[PDB]
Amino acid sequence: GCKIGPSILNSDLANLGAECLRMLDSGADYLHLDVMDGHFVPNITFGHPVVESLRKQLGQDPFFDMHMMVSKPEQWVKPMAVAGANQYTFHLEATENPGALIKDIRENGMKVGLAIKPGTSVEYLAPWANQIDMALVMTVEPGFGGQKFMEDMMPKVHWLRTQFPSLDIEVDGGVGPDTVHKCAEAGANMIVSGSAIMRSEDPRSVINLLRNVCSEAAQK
């Protein structure tokens, strides 16, 4: 039950379609699409209009996990749903009312993800863990790709896996073949990887390696 979702942050953003196509053709389980509004984080990536074009290019079948690093996650729920996103992962730090937002995401037919930044206590998630589909434990400060993996986040992952056996747990930031085992042994089952996968001639082998390390570690 371990899935690999490449991030395209450090890809050729002038050719997102081709970049994502290579990922899917290489056996990626899903695509992790980083949406930044220049406000919640100090960078701007793209929003629902790019997602709409991607969905048209990539077809109906691929799974889009939207990492919504935006200050008003309430605003982009319908636009993302209409564009064809499968999962809407908002930041607990950004919402005025998590309960209302979770409901709205579900009314819009999308799965619900909830992300926390490194400095955010994992216990902030407790009241919500039973209402969401996936918790995203950031392992770098959000805003940029290619940052250093924060191993000190692993106790958050372990705590979530122990307290909520059924919850999908995603890690995001500096995850690659060097750090994936740490994530898997802590309890993560959804693995975002960007820079580590993006340069490869044979992304399929790297993706398979991440997935296999993660699955065998989970089998324990």
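The first residue of the sequence shown is number 1, and the count goes up from there.
- Between the stretches 63 to 71 and 166 to 174, it is 166 to 174 that shows the larger average CA temperature factor.
- Relative to one another, 193 to 201 and 207 to 215 have unequal mean CA B-factors, and 193 to 201 is the one with the higher figure.
- The maximum CA B-factor among the listed residues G143, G113, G99, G119, taken from the PDB record, is found at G99.
- Highest CA B-factor among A184, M36, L33, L54, as stated in the entry: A184.
- When all modelled residues of the chain are sorted by CA temperature factor, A126 is found within the highest third.
- Compared with the other modelled residues of the chain, the Cα B-factor recorded for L24 ranks in the lowest third.
- Annotation for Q87: CA B-factor lies in the middle third of the chain's modelled residues.
- When all modelled residues of the chain are sorted by CA temperature factor, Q147 is found within the highest third.
- Placement of the Cα temperature factor of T95 within the chain: middle third of the modelled residues, per the deposited record.
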